[PDB]
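Below, in structure tokens: the form deposited in one PDB entry, a single chain.
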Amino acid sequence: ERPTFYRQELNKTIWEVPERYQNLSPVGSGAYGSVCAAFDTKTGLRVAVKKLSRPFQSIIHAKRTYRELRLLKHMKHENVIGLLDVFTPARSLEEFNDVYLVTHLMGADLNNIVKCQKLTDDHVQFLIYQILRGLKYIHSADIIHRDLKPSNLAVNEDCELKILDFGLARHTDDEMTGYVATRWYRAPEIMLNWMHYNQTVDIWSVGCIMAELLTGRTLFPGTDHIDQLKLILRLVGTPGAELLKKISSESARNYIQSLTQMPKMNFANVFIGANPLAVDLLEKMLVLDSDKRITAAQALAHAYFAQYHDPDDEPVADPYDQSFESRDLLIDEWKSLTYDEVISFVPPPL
């Protein structure tokens, strides 16, 4: 008893969606696919619909698409993009070739805010609080974001925030080259493949983000990998003996020991005028050694979030089986799996 679809040439492609979705307008296209805004007559919500482009053109692609669908279907938290609906005009696995994803329309990312507004210390408390709240949830499911940036953070007029972008194709080296904001928020360990990274990489991103909202400027706006690494070490000091031994890459560790030793600066003199509690939290987040970096759970209990902290209202996620990450299958099988997920989907209770 499927809906009734209608075709329409939006942007370079022909979107075929259920009748419930009207007034679709372009929002942006890319290798990932195409995104449209629309009004969901069945719920009265304004939504954003994404049509995946060539989801099963390769094994690497069919797998990515399965990953993204699995991630989005799993997310059930207020500060994390939830999946309101997912459909395909296809009537059987044989026809199956298109995938459409539907989620809330927030309206603006975090870049807009920090540009056309003035953030009080109270605002920074609320915004970062929600990022950390959603992060405690994500990490509790052994899920790593890996790419937290202001553009991956959606906010509405009420200043409520939702973390976005999961299971997206990794950034090409060209995308990480030069004076680009796509690298400014990454932790040094992944930016230079120092070791096997983990969730602590997101905490570093939050640090970079929180600093920007407080000062209104990018924390480590490097013109390239090396220049960015220098800006970092300049603030947090050069690696100690303990951190060097953890750097698996003999090449990277080699380049590091060639840099003149520098002491960790004084955050109080760097972030002048900032809430002393903000400064302290920033020192707990921006720690070069990832093992000693504060966790999201620990940060939420930090005095800087007293006004908002609520130990009974910061839920964790259910188990997320991602054993498929090390499974070797053919396009067809990844595709069939994706299809099963689409049909087994269950709309949010509301």
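Position 1 is the first residue in the sequence shown; the rest follow in order. What we label the rigid core is the largest C-alpha set whose atoms superpose within 1.5 Å from one form to the other.
Note that the form solved in complex with a small molecule isn't included here; everything after this is about it.
Scan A274, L235, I256, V206 and let me know which has any heavy atom within 4.5 Å of the small molecule in the bound PDB entry.
-> For this set of options, the contacting one is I256.
Which one, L243, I131, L219, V279, lies within 4.5 Å of the small molecule in the bound PDB entry by heavy atoms?
-> Contact with the small molecule in the bound PDB entry is made by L243 alone.
Considering only heavy atoms, tell me if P89 and the small molecule come within 4.5 Å of each other in the bound PDB entry.
-> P89: no, not in contact with the small molecule in the bound PDB entry.
May I ask you to check whether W184 falls inside a 4.5 Å heavy atom distance of the small molecule in the bound PDB entry?
-> It does not: once the small molecule is placed as it appears in the bound PDB entry, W184 has no heavy atom within 4.5 Å of it.
Taking 4.5 angstroms as the cut-off for heavy atoms, does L214 touch the small molecule in the bound PDB entry?
-> No, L214 is distant from the partner.
May I ask you to state whether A317 is within 4.5 Å of the small molecule in the bound PDB entry, using heavy atom distances?
-> Although the small molecule is absent here, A317 would stay clear of it in the bound PDB entry, with no heavy atoms inside 4.5 Å.
Identity of the moved residue from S92, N266, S258, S248, C-alpha shift 2 angstroms or more, core fit between the shown form and the other one | Going through each option, the one that shifts is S248.
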